[PDB]
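For this chain, numbers begin at 1 and follow the sequence in order.
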Amino acid sequence: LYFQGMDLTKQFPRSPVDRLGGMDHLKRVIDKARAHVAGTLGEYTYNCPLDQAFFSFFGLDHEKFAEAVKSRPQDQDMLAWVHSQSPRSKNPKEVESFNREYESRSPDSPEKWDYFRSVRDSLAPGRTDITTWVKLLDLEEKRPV
């Protein structure tokens, strides 16, 4: 078992834009990695395309990251591991670059645009101002957006 296990059928991973070390996604994927180690992801998926974009950008291996979080229960310790593995993550303009692209991500085809709007309309149909994936995640996870 895992002392830092998280059951994501019962809790949400942290917001895409709840930053750590200035970076989006990092807190969220820490949480997903812990649930992945534990076997308690629920509807969430570790190393799905969004995690892959974060790992790819910073040159991190998803398997090594999940292993690293097992001995690093605190965010500061996982952040220090990321820095030690990723020179790009130590450059604040590069982190800002990542964040700007991540926060801009929108449905990349009309097929995906139909899907996005179907999800959003099921959660909050008056919210036509919500057009990016990371804002849709916060909406589904009951955060102010």
In terms of side-chain geometry, is the basic nitrogen of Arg143 or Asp138 positioned less than 4.0 Å from the acidic oxygen of its partner?
-> yes

Minimal non-hydrogen separation, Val95 against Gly22, with atom names = CG1-O, 3.3 Å

Nearest non-hydrogen partners of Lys90 and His83, listed with the distance = CE-O, 3.1 Å

Compare all side-chain heavy atoms of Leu137 with those of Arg28 and state whether any distance is below 4.5 angstrom.
-> yes

Provide the closest heavy-atom pair for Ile130 versus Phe116 in the form atom of the first, atom of the second, distance.
-> O-CE2, 3.3 Å

Nearest-0.5 Å distance, CG of residue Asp24 to CZ of residue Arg100 | 13.5 Å

Please, which pairs that meet salt bridge (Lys or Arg N to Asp or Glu O under 4.0 Å) have at least one residue in residues 33-46, sequence neighbours excluded?
-> none

Is it true that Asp121 and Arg117 have a side-chain N and a carboxylate O under 4.0 angstrom from each other?
-> no

Could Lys135 and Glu140 be called an ion pair, given the rule that one side-chain N must be under 4.0 Å from one carboxylate O?
-> no

Could you give me the CA-CA distance, side-chain angles and deciding distance for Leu8 and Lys32, then say whether side-chain contact (heavy atoms from CB on, under 4.5 Å) is met?
-> CA-CA 8 Å; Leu8 307 185; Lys32 292 170 62 187; 4.3 Å; yes

N-O pairing of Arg127 and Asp129 below 4.0 Å | yes

Answer yes or no: is there a side-chain heavy-atom contact under 4.5 Å between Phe3 and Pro73?
-> no

No-hydrogen, no-angle side-chain donor-acceptor test under 3.5 Å, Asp51 and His25 | yes

Close side-chain approach of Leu26 and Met23, heavy atoms under 4.5 Å | yes

More than 12 heavy atoms from other groups under 6.0 Å of OH on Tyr115 | no

Would you say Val145 and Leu123 are hydrophobically clustered, going by side-chain heavy atoms of ILVMFWY under 4.5 Å?
-> yes

Run the side-chain donor-acceptor check on residues 52-61: report pairs under 3.5 Å with partners two or more places apart or on a different chain.
unit_1: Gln52; atom_1: NE2; unit_2: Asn47; atom_2: O; d: 2.9
unit_1: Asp61; atom_1: OD2; unit_2: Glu63; atom_2: N; d: 2.9
unit_1: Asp61; atom_1: OD2; unit_2: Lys64; atom_2: N; d: 2.8

When every non-hydrogen atom of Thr132 is compared with those of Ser104, the smallest separation belongs to CG2-O, 4.1 Å

Are the side chain of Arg72 and the backbone N or O of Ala68 linked by a donor-acceptor pair below 3.5 Å?
-> yes

For residues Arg14 and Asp75, determine if any side-chain heavy atom of one lies less than 4.5 Å from a side-chain heavy atom of the other.
-> yes

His36: partners by side chain to side chain contact (heavy atoms under 4.5 Å, CB included), with sequence neighbours left out = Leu41, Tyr46, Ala66

Side-chain heavy-atom pair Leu20, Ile30 within 4.5 angstrom cut-off = yes

Over all heavy atoms of both residues, which pair between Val82 and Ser89 is shortest? Give the atoms and the distance, please.
-> O-OG, 3.6 Å

Residue pair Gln85 / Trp81, side-chain heavy-atom distance below 4.5 Å | yes

Residues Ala38 and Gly5: closest non-hydrogen pair is CB-CA, 3.9 Å

Answer with yes or no whether the hydrophobic clustering places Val29 together with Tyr44; edges join I, L, V, M, F, W, Y residues whose side-chain heavy atoms lie under 4.5 Å apart.
-> yes

Any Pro107 side-chain heavy atom under 4.5 Å of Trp133 side chain | yes

With a 4.5 Å limit on heavy-atom distance, are the side chains of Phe65 and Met78 in contact?
-> yes

Is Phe12 reachable from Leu50 through a run of I, L, V, M, F, W or Y residues, each pair having side-chain heavy atoms under 4.5 Å apart?
-> yes

Hey, are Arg19 and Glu103 close enough for a salt bridge, meaning a charged N less than 4.0 Å from a carboxylate O?
-> yes

